[PDB]
Each structure stands twice: as C-alpha cells, then as structure tokens.
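With the authors' numbering, the residue at position 274 of the sequence shown is 318, and numbering never jumps. Reading through the structure tokens given below for one structure.
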Amino acid sequence: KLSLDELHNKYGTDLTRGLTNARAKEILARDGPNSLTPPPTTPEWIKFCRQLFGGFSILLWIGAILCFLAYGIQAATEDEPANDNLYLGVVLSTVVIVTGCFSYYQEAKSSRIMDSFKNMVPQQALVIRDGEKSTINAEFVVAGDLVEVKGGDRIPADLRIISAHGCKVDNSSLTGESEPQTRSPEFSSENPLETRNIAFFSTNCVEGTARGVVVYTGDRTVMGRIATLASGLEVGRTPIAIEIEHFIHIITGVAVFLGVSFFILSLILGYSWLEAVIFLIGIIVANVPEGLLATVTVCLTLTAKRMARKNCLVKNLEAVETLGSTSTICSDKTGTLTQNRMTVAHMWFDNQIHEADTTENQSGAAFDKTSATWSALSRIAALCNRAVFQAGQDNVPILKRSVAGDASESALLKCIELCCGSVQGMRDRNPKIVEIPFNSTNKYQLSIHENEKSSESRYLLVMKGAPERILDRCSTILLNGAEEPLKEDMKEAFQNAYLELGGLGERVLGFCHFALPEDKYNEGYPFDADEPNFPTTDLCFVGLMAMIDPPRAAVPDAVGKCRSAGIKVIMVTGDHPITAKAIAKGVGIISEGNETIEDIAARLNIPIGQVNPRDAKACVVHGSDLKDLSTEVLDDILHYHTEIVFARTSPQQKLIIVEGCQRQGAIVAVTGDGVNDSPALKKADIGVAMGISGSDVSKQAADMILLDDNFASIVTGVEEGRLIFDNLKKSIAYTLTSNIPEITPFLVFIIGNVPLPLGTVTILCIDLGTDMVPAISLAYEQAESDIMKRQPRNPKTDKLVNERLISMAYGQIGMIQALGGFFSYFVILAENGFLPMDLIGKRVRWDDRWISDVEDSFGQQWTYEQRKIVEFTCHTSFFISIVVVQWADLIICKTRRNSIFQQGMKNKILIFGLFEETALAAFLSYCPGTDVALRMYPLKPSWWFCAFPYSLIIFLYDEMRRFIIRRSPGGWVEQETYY
Ligand SMILES: C=C(/C=C\C[C@@H](O)[C@@H](O)[C@H](O)C/C=C/C=C\[C@@H](O)C[C@@H]1O[C@H](C[C@@H](O)[C@H](O)C[C@H]2O[C@H]([C@H](O)[C@H](O)CC[C@H](O)/C=C/[C@H](C)[C@@H](O)C[C@]3(O)O[C@H](C[C@@H](O)CCCCCCC[C@@]45C[C@@H](C)C[C@@](C)(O4)[C@@H](C[C@@H](C)CCCCC[C@@H](O)[C@H](O)[C@H](O)[C@@H](O)[C@H](O)[C@H]4O[C@H](C[C@H](O)[C@H](O)/C(C)=C/[C@H](O)C[C@@H](C)[C@H](O)C(=O)N/C=C/C(=O)NCCCO)[C@H](O)[C@@H](O)[C@@H]4O)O5)[C@H](O)[C@@H](O)[C@H]3O)C[C@@H](O)[C@@H]2O)[C@@H](O)[C@H](O)[C@H]1O)CC[C@H](O)[C@@H](O)[C@H](O)[C@H](C)C[C@H]1O[C@H](/C=C\[C@@H](O)[C@H](O)C[C@@H]2C[C@@H]3C[C@H](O2)[C@@H](CC[C@H]2O[C@H](CN)C[C@H]2O)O3)[C@@H](O)[C@H](O)[C@H]1O
Ligand SMILES: CCCCCCCC/C=C\CCCCCCCC(=O)OC[C@H](COP(=O)(O)OCC[N+](C)(C)C)OC(=O)CCCCCCC/C=C\CCCCCCCC
Ligand SMILES: CCCCCCCC/C=C\CCCCCCCC(=O)OC[C@H](COP(=O)(O)OCC[N+](C)(C)C)OC(=O)CCCCCCC/C=C\CCCCCCCC
Ligand SMILES: CCCCCCCC/C=C\CCCCCCCC(=O)OC[C@H](COP(=O)(O)OCC[N+](C)(C)C)OC(=O)CCCCCCC/C=C\CCCCCCCC
Ligand SMILES: CCCCCCCC/C=C\CCCCCCCC(=O)OC[C@H](COP(=O)(O)OCC[N+](C)(C)C)OC(=O)CCCCCCC/C=C\CCCCCCCC
Ligand SMILES: CCCCCCCC/C=C\CCCCCCCC(=O)OC[C@H](COP(=O)(O)OCC[N+](C)(C)C)OC(=O)CCCCCCC/C=C\CCCCCCCC
Ligand SMILES: CCCCCCCC/C=C\CCCCCCCC(=O)OC[C@H](COP(=O)(O)OCC[N+](C)(C)C)OC(=O)CCCCCCC/C=C\CCCCCCCC
Ligand SMILES: CC(C)CCC[C@@H](C)[C@H]1CC[C@H]2[C@@H]3CC=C4C[C@@H](O)CC[C@]4(C)[C@H]3CC[C@]12C
Ligand SMILES: CC(C)CCC[C@@H](C)[C@H]1CC[C@H]2[C@@H]3CC=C4C[C@@H](O)CC[C@]4(C)[C@H]3CC[C@]12C
Ligand SMILES: CC(C)CCC[C@@H](C)[C@H]1CC[C@H]2[C@@H]3CC=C4C[C@@H](O)CC[C@]4(C)[C@H]3CC[C@]12C
Ligand SMILES: Nc1ncnc2c1ncn2[C@@H]1O[C@H](COP(=O)(O)OP(=O)(O)O)[C@@H](O)[C@H]1O
Ligand SMILES: [Mg+2]
Ligand code: NA
Ligand code: NA
Ligand code: NA
Ligand code: NA
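Encoded structure:
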C-alpha cells in the first residue's frame, strides 16, 4: 500500500531507466546473492556408521571380537601359544574397514554427480539496467533494478508491478490457488497475498508481460522463511529398486526355511544342540545376496552422466529407466525435425510465381522491384513484422546478422532489407497505433498503422497468417495493382499454387491488407483490442510468401532406427497437410510404398469415401476432424494405422492424442516448448522439454531436458537407456554364480563327514577377488549390435530378476564351478597319500588335535600339522580353481545373444580383471610368509591345470546355447534360459 514514487524513493530506482551497473554491483556485493541456503545434514558421522557398522558387516565385527578373546585366554594361560587367532583378527578387521571405504567412495560420487546436473540448466532472468535489457543468471538480481517478465518465464524475486499488459500468474504453489490471478499495477486488497501489484518468488507468468521493481530479494522472501521446514526435502526409489528388495525378500524366505531344515538334519545325525544353531546362523547368512542395490544405484548414476554428455539431461533417475521402454514418440516438426533457420524462396502475386534470393545483392533477375503489388506486399511484410535487428550489426552482411524474434519474421525481415531497404524508417513513415499479437489458436497476426500518404490520412490495416484462414477473410484480390474479386478461376489457381509451393518442402504464409474508411473510423477514434473494431472479412489479399527450413542432418537415420526398434513416430504440426506430408516424406515418417486414402483415390480415380479405410497403412488426420471426433474413432486410427501425421493442431489437442496412446497400453514421450504444453508434459511418461527455445514452465513440468533441440538426440538416448538394463542383468548374473561353490563344502563336510574343502580366509579371498573388479568391468560393456533391432519391453511381463536367472546361475553354471573345485581337492589328497574311498568319515578323526597317529591309505601315520598342511593346500587349490572357472563365467557374461567372436574383446577393463585376478592367486600362493599369516601354501605346477576342463566346458556350452537362440526364436531355449 504505497505509490510508484514512494517505492522508487524507498529503495532508489528509475522507473524508466532502472539502476546503473556500478550501483547494481554495489548492492549485489552489499547484501548477498538471490539464492536460498542449504539445509542441515548429517556429516560423515552418520555416513560412516551406516557403512562400517551396518547389517551384514556386524557379523564380521563379531568374528573379529571372538577371535581376539581366543588369543587372550591363550597368552594368559598357555606357555608359548600360537598366533592364528591374532592374525585372523587383524585380517577380519581390515576387511570391514576396506568394504567401508570402497562403499564410501561410491555413495559420495553419486551424491555429487546429481548436484552437478542442477547447475547445468540454471535460470536466467531479464533485468533492465542503464536503460538496456539483459539476461543474467537469477543469482545476480538485486533489490531496486527493473525486471521484465513474459508469459512462460518465472518471477525471479519479489517484485512490485509498475506496468502490466494482461499479465496473469500462477499462485498455486505458495498458497493453494488454481486459476490464473491477474497482476495489475494498482492495489486492491490489504493482504499482500491477495493484491495484484506484487509478483512472487517461484511463481510463473502464464500469459502476458509485465514490469516491476524488485522489492524483496534472497532468503528474505516468503518461501525462504517458510523453507525452515522445506530444508528436509524428499526423494524416492525407482521401480528397479523396489524390484530388487522384493527379490531379496523371497530369497530370505528360502534361506530361513533351509536353515530350519539343516537343523533337523543335524540333530537326526547326532550333532550338539549348539552346533545346529551355529549351522542355522551360517546358512541363512550364506544364502542372502549382498551388494545388489549399491550396484543398481551406481550403474544408474554412471549412465546418467553418460546421457548428459549426449545432450539428454534427466530431472531424476526414474527417467533413466522409463526411456528404454519407450514405444511411441510424439514429436513436433518446427524445432525437432527442423532447424528453425527458415528462408523465403517463392513469392506469389499477380497470379504469378516469383523466385528470389538475390545473392546478398540486387542481382538474380528475380522480379521487377518496381511492381506495384510488390510495393504493397513488401510494405505489409516490413510493417506487420515484430522482429528487429540486434544492435551493433552495422558491419556483418544482410543475411548473416542476428535478429530477435520468430524464425518466420526473421526470414521475412531479411528478405525485405536486402532487396527492399531499411525497416526502421519504413516503420516510422507509417505510425503504429494499435497491434494485436500472434497466437497458435488464432493463427494470424494483425495491426493497424497510420498511412504516410500526405494526401490520404486514412488508416491502414495489415494481417498475415495461414493462407487458408486469410482466404476466408477476403472477397477481393489486389491484381496487377487494382482490385478484382475472388471468383473460382483464380481460386483454383490459388489452390494449385499452394501445392506448388508446398511440395517444395517450403513453409507458406498469406498476406493481406485493407484501407479502413476514415468516415466510420476517424483519425481520433481509438481501436482498443477488445471487440470487432476491424472488418475481419472483406479484406484485400495481396499474395503468398513461402520459405524453406531444412531438416536436421542426423534425423533420417533416427527415424530409421525407430522403425527397426518397433517404435511408432507421430508428427504434430501447426502447418498444412501438404507441408506435413512432405516433411514426413523426407525424414522417413512415411516410408515408400505406404499410401493414404487420398493417394488411392487419386490412383484409382474413385471418390475418397468409397475407398476402404483399412486399405491404407498411413494417414494424415487434420485438426477440425480431430475436434469433431469422439474416442472410438481415435482408437481406430491409432490401432489400424502405422504412420499417423497430424496437421493444423492447437495445443489443447495434444492431450487427447496422448490419452489415446496410453489407452492402448504403451509408454509415450512428448516434446514440448510452451505454456499450453505443461498439461501434456505431465500426463505422458517422458516429457522432453526444449532446452534452447523452451520456457521455465515446460522445463519444470517435464522429466527430461533436451540440450540441443535435436530429434536425433532422443533415439540415441533410448539406446543408452536399454544398455543399462542389459548390463545390469549381466552383472547380477555374474555375481550370483559363486554362491554355489562356497556353500557346497560346508554341506558335504557336515553330511558326508569329510575334511573341509573351503575355509574362512579362502572364502573372503574369493568374494573380494573375483567378484569386485570383474563385476565393475561389466558395467562398462558396449552394446550388442542388436540393441535397436529388438522390440521394446513390457514392464508387466519382463522383470530383471525372474525365475530364469536363478536357473542359469545356481543350476547350470554354478554346479560346474563346484565340480571344478572338487577335482583339485580330490587330486591334492590322493597324491599326498589320502585316497577318495578312505576319506568318507575321517572328519571326526581328522579334526582331533590329539590323534598324531592318523593313518593314510598307503598305511603311513600322520601327525596333526602334517595333515592340516595338506588340507590347507586344498583350500588354496580350490581358490585357484575358482579363479580359473571365473575366467570362463566372465567371458560368457559379456553377451547374451551374440557370440564373443561377433562382439569382440575390445573391453579393456574386463581384460585388466582377468590378468589381475590370476596375479592375486599366484601372489598369495607363492609369497614367503602367507603361510604364517593367511594360511595359504604353495601350489605345485601340475595342480593349476585341474580346473581347465571345467572352464572350457562352460564356454562351449554357452556358445551353443546362444546359436540355438539366434536360429529358433520363441523356442524352448528362449522360453527357458533367456534371462
Ligand atoms: C562366530 C560364530 C559363533 C561362533 C564361532 C566359533 O566357530 C568360534 O568363533 C569359536 O566360538 C571361538 C570362540 C572361542 C571362545 C573362547 C575360546 O577362545 C577359549 C577356549 O574355548 C574352548 C572351547 C573351544 O575350543 C570350542 O571347541 C569352540 C567350539 O565350540 C563349539 C563346540 O562344538 C561345542 O560347543 C563344545 C562346547 C561344549 O560341547 C558345549 C556343550 C553344550 C553347551 C552343552 O551340551 C554342554 C552342557 O550340558 O551345557 C549345560 C548348560 C545347559 O543349561 C544348556 C541347556 C541345554 C538345552 C537343551 C535343549 C536342547 C533342545 C533345543 C531345542 C531347540 C531342540 C531340541 C531337539 O534340543 C529339544 C529337545 C530336548 C528334549 C533336548 C533335551 C536335552 C537336554 C540337554 C540339557 O539338559 C543339558 O545337556 C543337560 O542339562 C546337561 O547338563 C547334562 O549333562 C545332559 O548331558 C547329556 C545331554 C546331551 O549331551 C545333549 O542333549 C545332546 C547330545 C543332544 C543331541 O543332539 C542328541 C542327539 C544324539 C540326537 O537326539 C540323537 O540321538 N539322534 C539319533 C539319531 C539316530 O539314532 N538316527 C538313526 C537313523 C535310523 O534311520 C545327556 O544326554 C542329558 O540327559 C543330560 O541332561 O531341546 C551345562 O553348562 C553343562 O551341562 C554342559 O556340559 C563349536 C563351535 O562353536 C566352536 O568351534 C574352551 O574349551 C577353552 O577352555 C577356552 O579357553 C558364527 C559361526 C559362523 O557363522 C559359522 O561360519 C561357523 O563358524 C561354522 C558353522 C563353523 C563350522 O565350520 C568351521 C570351518 C569353517 C567355517 O568357519 C566356515 O566359515 C563355515 C561356513 C559357514 C557358512 C556357510 C559356508 O561355510 C560359508 C559361506 C559364506 C559365503 O557366502 C557369503 C554370502 N553371504 C559369502 C561367503 O561368506 O558361511 C569349523 O571350524 C567349525 O568347527 C564348524 O562348526
Ligand atoms: C551338495 C551339492 C554337491 C555338488 C557337487 C558335490 C561333489 C561331491 C562329489 C564326491 C563326494 C562324495 C565322496 C566320494 C567318495 C566315494 C568313494 C567311491 O565312490 O568309491 C567307489 C569308486 C572307487 O572305485 P575303485 O576303483 O576304488 O574300486 C576298485 C575295486 N577293485 C579294485 C576291487 C576292482 O569311486 C568311483 O567309481 C568314482 C567315485 C568318485 C566320486 C563319485 C561321487 C558320485 C558321482 C558323481 C557326483 C557328482 C553328482 C553331480 C550332481 C549335480 C547336481 C548336484
Ligand atoms: C592355454 C589356454 C588356451 C585356451 C584356448 C581356448 C580355445 C577356445 C576353446 C573352444 C573354441 C571352440 C568353440 C566353438 C563354439 C562354436 C562357436 C560358433 O559357432 O560361433 C559361430 C560364429 C558365427 O557367428 P555369426 O555368423 O552369427 O556372426 C554374424 C556377425 N554379423 C552379424 C556381423 C554378420 O562363428 C564365428 O564367430 C567364427 C569364429 C570361429 C572360431 C573357431 C574356433 C575353433 C577352432 C579350434 C577349437 C579348439 C578345438 C579343440 C581344441 C582343444 C585345444 C587344446
Ligand atoms: C589349455 C586349455 C585352457 C582352456 C581354458 C578355457 C579358458 C576360457 C576359454 C575361452 C576364453 C577365451 C576366448 C577368447 C575369445 C577371442 C575372440 C576373438 O578373437 O574375437 C575376434 C574379435 C572380433 O573382431 P572384429 O573387428 O570382427 O569385431 C567387430 C565388433 N563389432 C561388430 C561390434 C564392431 O577381435 C577382437 O576382439 C579384437 C582383438 C582382441 C584380442 C583378445 C586377445 C585376449 C584374449 C584373452 C585374454 C586372456 C585372459 C586370460 C588371462 C590369464 C593369462 C595368464
Ligand atoms: C586385493 C585384496 C585381496 C587379498 C587381500 C588380503 C588381505 C591380507 C592383508 C594383510 C595380510 C598380512 C600378511 C603379513 C605377511 C607376513 C607377515 C608375518 O607375520 O611374517 C611372519 C614371518 C615369520 O615366520 P617364522 O619365523 O615363523 O618362519 C619360520 C620358517 N622356518 C622355521 C621354516 C625357517 O615372516 C617371515 O617369514 C619373513 C617374510 C616377510 C614376508 C614379506 C612379504 C610382504 C608381505 C605383503 C607385501 C605385499 C603387498 C603387495 C604390494 C603390491 C605392489 C604392486
Ligand atoms: C599379448 C599378451 C598375451 C599374454 C597372455 C598371458 C601371459 C602368460 C604369462 C606366462 C605364461 C608362461 C609360463 C611359463 C612358466 C615356465 C616356468 C617353468 O619352468 O615351468 C616348468 C613346468 C614343469 O613343471 P614340472 O612339474 O614338470 O617340474 C617341477 C620340477 N620341480 C618342482 C622339482 C622344480 O612347466 C610349466 O609349468 C608349464 C607352464 C605352462 C606352459 C604355457 C602353455 C600356454 C601357452 C600359450 C597360451 C597363452 C594364452 C594366449 C591365448 C590367446 C588366444 C587368442
Ligand atoms: C570336455 C568337453 C568339452 C565340450 C563339451 C561340449 C558340450 C556341449 C554340447 C552340446 C550343448 C548342449 C546344449 C543343450 C541344448 C539342447 C536343447 C535341445 O534339445 O534343443 C532342441 C532344439 C529344438 O528347438 P525347437 O524350437 O524346434 O523346439 C520346439 C519344442 N516344442 C515342440 C516343445 C515347442 O534344436 C533342435 O532340435 C535342432 C538343434 C540341435 C542342436 C544340436 C547341437 C549339438 C552341438 C554340439 C554337440 C556335439 C559335441 C561333440 C563333442 C564330442 C565330445 C566328446
Ligand atoms: C550368532 C552369533 C553372533 C553367536 C556367537 C555365539 C558365541 C559367542 C558362542 C557360540 C559357541 C560358544 C562357546 C561354546 C563352548 C564353550 C566352551 C566353554 O568351556 C567356554 C565358552 C565357550 C568357548 C563358548 C563361548 C561362547 C560361544 C563361542
Ligand atoms: C546343493 C544342491 C544339492 C542344490 C541343488 C539345487 C537344484 C536341484 C535347484 C537349483 C536351482 C533350481 C531350479 C530353479 C528354477 C527352476 C524353474 C522352475 O520353473 C522349475 C524348477 C527349476 C528348474 C529349479 C529346479 C531345482 C534347481 C535346479
Ligand atoms: C576335452 C576333454 C574330453 C579332455 C578331458 C581331459 C582329461 C582326461 C584331462 C584334462 C586335465 C587332466 C589332469 C591334469 C593334471 C593332472 C595332475 C596329475 O598329477 C595327475 C593327472 C591329472 C589329474 C590329469 C588327468 C587327466 C585330465 C583330467
Ligand atoms: N508470427 C506469425 N503470425 C501469423 N502466423 C504465423 C506466425 N508464425 C507462424 N505462423 C503460421 O501460423 C500457423 C501456426 O503455427 P504454429 O502453431 O507455430 O505451428 P508450428 O509449430 O508448426 O510452427 C502456421 O501455419 C505458421 O506458418
Ligand atoms: Mg512448435
Ligand atoms: Na558377496
Ligand atoms: Na510424467
Ligand atoms: Na561367477
Ligand atoms: Na559371491
């Protein structure tokens, strides 16, 4: 409740010139940037407690405790003790600590990449300083400068409106509004939230433009004080995540069951009540998989960084998953399929077609520049146009300089300045009284100006728009200079002119004008843009103007890739069916051979109504028909046609098309740029907002932001989206297989009563060696040459962890790695004197420190450490047999449909993994001192080879398993083993 003078007098500011740059910076440095402050958080404290002290590591923390107590009771009691317990503790503790560090290096990394994408797409406001308009980062606005807003932009700070032009804002988020409340410079209510002279932070200007003085800036804002609570914030979990958990749950159920069973088995065989619970605890711990979620989050984060490099920024991680399943792409034409770099090619007037483009000069012998009709046409183009040359281009040529405005008005303005002269004087020659702006629902632009004829003081009215609309507003024709009527002979010549200019892939516009009678509208009468002050019809059409706009380079290949993937492409444009059909013919939306109902009518020379609608695979639906249609008809066109093009369509229509596409049961992505798109951009599954030309509304409302506005960028993004899935399945498949060889020894040991084949140190060696680096390498895998040549996926029918993964890992591949390790075990014992038949039952006697007389097969007598040494030589051999079989499992994991001979060994990280593991096994087995500390003994050379036959069998099996897939689709193998 103040005035414009009191406001400018309190903060200090010129209503017509704004602040000065020096003063602006003085205030910018005086009170801090216009950005909210970060909220409270848990530091590394709660970050490390969850890592080193979580749920699975806790058990290891116990193993370490127990062992230390085992050493203390020893050194305090027994003279000259042993040290296997002290080094066991020193080894276990080091494992919990490392696992924690690795996980930390991963949790942070993701938290940081997401923060980077927030500054990729910042917000830049429009401020007026020293009398000039400039777009600066929202973080540089201060209190006092002048700020201008336009329908589609976001209010930067708390403004005090000083001048508005039918400006409306969306005040729903702060409070609870719905409809657009209009912002007027006058004051209306005592409550600041109800008055219209104040713009607010985080609000958006729906329609109109306005000016205002920044009253409040930075945290000193309404939503800033409210943010006390906001600080917390909220996030989410992708589908995949709630898929993994589910799995984990089932497995836990299977694991708990088996535990109780192993319990009854132990007691029916005479174990100690305590030994049965020790077994239940161990078995349930060995059946539940560990790591699944960390690898899912890391894989997604890494893929997003891959996508932002290829021009596709994702507002969240759920978008990374939805992009792959994409079935339909509803794309627009001017901006996506094209470049918006249009240029006038053919002009129509005096029933004649005229060419142009006088090579940045006055040559080309286009048309007499003297033509009267041409003077009228050149004048309306130069007058109704709203664009203007960017300041300071007095040096560059007429075609290469910079302009501000629609691409249509820019092509028009340049043609008129090259072969027609300076527009600023042409614009002052005639004074602009009242102007009405363009719109997609109107489809025309009009304005009235004074007439510079010093002998005629009348009023001139000019309007341009889609040639069809303008034709319906004319009853005369400016012909050869005079006027004539629009009868059918020239009406048909005009129709054949639309197809001549249209088939050329050119954009066409209509231009007409009329002399308002100064007797019914005097020089003093003001024609406010409210009611019918101008005769819409009875105008004088002067002539058409056509311009070319080419498609992007990569676009033809993109549509081809979509067709091979099993993806439908739809073009939604505001132009004419001819230009639509054409662009479609070029990009590839409408491939060769397919015809429409009109094409068949033309070939057969039969009425269009007689032709069968099912006979045509492709169709071009207009807008009037779409408005008149119900729902079953829409489903008919969407289901029966393969290539559907939509021409002449308002924005309020897009939603009907999207609802039709979802009714079928398909995932859709839509490309949007304005305000009327926000509704559509929310209902669809993937909202693609333009980065270059979009508005704050389109970006806030969508899931993704296209950085280059290229249709080609998208298809590449979907390729990146499918690869995530493929690699995730491969990695999980590689991780779950080692579970079988680690559990089978503890089973035969208890049931069959033989010496323990795998122990605690060796098992930890397997998990950390063959499951960490090789697994990570898999993420980096390339794409098989089938990724785009395969149908999309139905999330309901196809899941990540299904009953087939467990079939290949546990059942087929696993059991083989187990047999491979059992051979190296049997071989080591038989050679050292203990044969296989004699081994069943020796455990009871084997594990007794007191029987130094153990007798072997050849009849020799063994002490306690002499036989324990051979057992340890078996733990080490098992280990190596596992790395050897892992070689094979890893190679076969690279591809699931193609061979490795086809895919190739170009992955460097995977190789690194093979050589490094081999090195770890050779190093630990041969180093001089592991004996004392880790309990691994040297392996003789004839032993390393025991696992080789089992490693070749796995590779050959998977190779054939695949050949049969490639040859017989939908067969038994694909139904059963394709995960
Ligand atoms: C950290 C862990 C925890 C521990 C770790 C541990 O290892 C180590 O840290 C150590 O702790 C280190 C700690 C050291 C601490 C300190 C030390 O430093 C210091 C030194 O320690 C030394 C000790 C140390 O030297 C020791 O030796 C260490 C070992 O300890 C364990 C030993 O074995 C054993 O404990 C020895 C100790 C002693 O023996 C204990 C005895 C009992 C306590 C108790 O009985 C004695 C006594 O009686 O207790 C009394 C107290 C009472 O209140 C208690 C109340 C009793 C309740 C009764 C109810 C029972 C119950 C319960 C019901 C639920 C069900 C039910 C059926 O039974 C039901 C039925 C009722 C109706 C029964 C009623 C019975 C009544 C009984 C009671 O009344 C009492 O007995 C009674 O009151 C008594 O007083 C009385 O005397 C009674 O006597 C008799 C009773 C009978 O005896 C008794 O009842 C009997 C027999 C029952 C029998 O079951 C009956 C059967 C026959 C049956 O009925 C039968 O007939 N069947 C006939 C069938 C038949 O015909 N069939 C014919 C078929 C025809 O068709 C009599 O009968 C009764 O009448 C009479 O009343 O109710 C009281 O105090 C006294 O009385 C006392 O004497 C073993 C270990 O713990 C340890 O090694 C000390 O000597 C020394 O002085 C000290 O200085 C977690 C574990 C790990 O997770 C796991 O890995 C684990 O490590 C492995 C499993 C190890 C195994 O493998 C190792 C090698 C490698 C492994 O590590 C590998 O890692 C394995 C892994 C595992 C998994 C899988 C896989 O493999 C791998 C995969 C993982 C991979 O996947 C991953 C992915 N996620 C990635 C990767 O990791 O992980 C091996 O080395 C291990 O050896 C091996 O085990
Ligand atoms: C829980 C999941 C486990 C997964 C794999 C577990 C691997 C376990 C494999 C073996 C462990 C059992 C212990 C074997 C010891 C049995 C000894 C035996 O058997 O002594 C019989 C013969 C020895 O004859 P000799 O020459 O000394 O007699 C000479 C006679 N004179 C001279 C008088 C003419 O030994 C033979 O013939 C060959 C016997 C050698 C081993 C055969 C064991 C059974 C056969 C295949 C097992 C693999 C099954 C795979 C299943 C996949 C799904 C689970
Ligand atoms: C010290 C340790 C050394 C370890 C040595 C390991 C050796 C390897 C072990 C076994 C190898 C045999 C496995 C054969 C399995 C069948 C593979 C198969 O059927 O692949 C089919 C592919 C055809 O694909 P496509 O036409 O659909 O591609 C289309 C591409 N697009 C789309 C671009 C046109 O064929 C191809 O890629 C052509 C590739 C041909 C490769 C032939 C290899 C066989 C030669 C000897 C094998 C060893 C025999 C016994 C050895 C005992 C050794 C001591
Ligand atoms: C004694 C018996 C033992 C039996 C044990 C069995 C062990 C496991 C059995 C087999 C596993 C090894 C199989 C190796 C496969 C070689 C396949 C190959 O050669 O396919 C030729 C490729 C294709 O080329 P392209 O241009 O047509 O592809 C065009 C690709 N598109 C279309 C996408 C552009 O060419 C390329 O990949 C480029 C050249 C890559 C050369 C890779 C050489 C390294 C191979 C293995 C490394 C050793 C690891 C073990 C470490 C332990 C050592 C101590
Ligand atoms: C990637 C992760 C996968 C695997 C991770 C495994 C984590 C394990 C972490 C730590 C384990 C530490 C083990 C400590 C090594 C032994 C220390 C020790 O407690 O030794 C005690 C022995 C004394 O035995 P004694 O007197 O009873 O023997 C009597 C012999 N009689 C009587 C027959 C003559 O000491 C001796 O023998 C003297 C020999 C000293 C041995 C020097 C070897 C250096 C050890 C590690 C350095 C290697 C790092 C790798 C760098 C790679 C660079 C590219
Ligand atoms: C481009 C870069 C490629 C890199 C590939 C991987 C690099 C491989 C690196 C090293 C491998 C060579 C190992 C040579 C070691 C010989 C040392 C030796 O003196 O050893 C003697 C033993 C005989 O022991 P004994 O029990 O009779 O006497 C024991 C007598 N006492 C115990 C009383 C002393 O003999 C043995 O260990 C035999 C040793 C094994 C023989 C090698 C056979 C493999 C040959 C080629 C396969 C290479 C894979 C490439 C595949 C490419 C496919 C596209
Ligand atoms: C140390 C040893 C190292 C080497 C070991 C090598 C072991 C690997 C050997 C073979 C791999 C076994 C893969 C198992 C898959 C067989 C499944 C099968 O039965 O699938 C038959 C399919 C039928 O599909 P469908 O759609 O008509 O079914 C319609 C079904 N309904 C009517 C119900 C809808 O395909 C057909 O019938 C026609 C296709 C038949 C393909 C036969 C492939 C034989 C290839 C190699 C075997 C020879 C190895 C020689 C080595 C000598 C070693 C001593
Ligand atoms: C699920 C996990 C964490 C439970 C671990 C239980 C541990 C603490 C239990 C399992 C078996 C127990 C041992 C069983 C037998 C004996 C022998 C006795 O003369 C001293 C205690 C001692 C050595 C016990 C100490 C505690 C012990 C090691
Ligand atoms: C350690 C040993 C004894 C365990 C042996 C486990 C074997 C028998 C288990 C491991 C994985 C299991 C398979 C997992 C999935 C399926 C698919 C289902 O539609 C039919 C059963 C089938 C094919 C299972 C059969 C039994 C199976 C092969
Ligand atoms: C392609 C297929 C059929 C070939 C199978 C070859 C079999 C028979 C070969 C492959 C590796 C071989 C083993 C390699 C190493 C040793 C250690 C030695 O001290 C005793 C023999 C023994 C245990 C061999 C026995 C025969 C063996 C198992
Ligand atoms: N400034 C303008 N004034 C009048 N008509 C225009 C203007 N710009 C474009 N047109 C024409 O009006 C119609 C509506 O265009 P629009 O809704 O933007 O569709 P598109 O997205 O295909 O350009 C098109 O035929 C277009 O050629
Ligand atoms: Mg558009
Ligand atoms: Na693990
Ligand atoms: Na959405
Ligand atoms: Na594996
Ligand atoms: Na594992």
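Cβ coordinates follow ideal geometry from the N, Cα and C atoms, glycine included.
Between which two residues does the beta strand (DSSP E) holding residue i run?
i, result
"residue 255", "253-260"
"residue 731", "730-734"
"residue 389", "387-393"
"residue 396", "396-399"
"residue 710", "Where residue 710 is concerned, there is no enclosing beta strand (DSSP E), given that its DSSP letter is neither H nor E."
Rounded to whole angstroms, what is the Cα-Cα separation between residue i and residue j?
i, j, result
"residue 226", "residue 749", "29 Å"
"residue 641", "residue 661", "9 Å"
"residue 213", "residue 290", "45 Å"
"residue 1023", "residue 715", "34 Å"
"residue 117", "residue 110", "11 Å"
"residue 105", "residue 758", "49 Å"
"residue 901", "residue 890", "14 Å"
"residue 424", "residue 646", "38 Å"
"residue 694", "residue 377", "14 Å"
"residue 487", "residue 613", "25 Å"
Which first and last residues belong to the alpha helix (DSSP H) in which residue i is found?
i, result
"residue 604", "599-609"
"residue 636", "Unbroken run through residue 636: none, as it is neither H nor E."
"residue 508", "Careful: residue 508 lies outside any alpha helix (DSSP H), inside the beta strand (DSSP E) at 503-509."
Would residue i and residue j qualify as a contact pair, given that the criterion is a beta-carbon distance under 7 Å?
i, j, result
"residue 322", "residue 306", "no"
"residue 916", "residue 979", "yes"
"residue 632", "residue 604", "yes"
"residue 167", "residue 187", "no"
"residue 95", "residue 178", "no"
"residue 252", "residue 210", "yes"
"residue 755", "residue 462", "no"
"residue 550", "residue 514", "no"
"residue 868", "residue 931", "no"
Could I get the ranges of all uninterrupted beta strand (DSSP E) runs contained in the stretch 515-541, with 3 residues as the minimum, in chain order? Within the stretch 515-541, the complete beta strand (DSSP E) runs of at least 3 residues are 518-523, 526-529.
Could I get the ranges of all uninterrupted beta strand (DSSP E) runs contained in the stretch 154-204, with 3 residues as the minimum, in chain order? DSSP runs (the beta strand (DSSP E)) wholly in the stretch 154-204: 168-173, 176-181, 190-194.
Any residue with its C-beta under 7 Å from a non-hydrogen atom of ligand 8 counts. Can you list them all in chain order? Around ligand 8, the residues whose beta-carbon falls short of 7 Å from at least one of its heavy atoms are 103, 106, 110, 318, 322, 325, given in chain order.
May I have all residues whose beta carbon comes closer than 7 Å to any heavy atom of ligand 14, sorted in chain order? Going by the Cβ distance cut-off, the answer is 726, 727, 728, 729, 731, 747.
Lining residues of ligand 12 - beta-carbon closer than 6 Å to any non-hydrogen atom, in sequence order: The set, ordered by position in the chain, is 376, 378, 379, 717.
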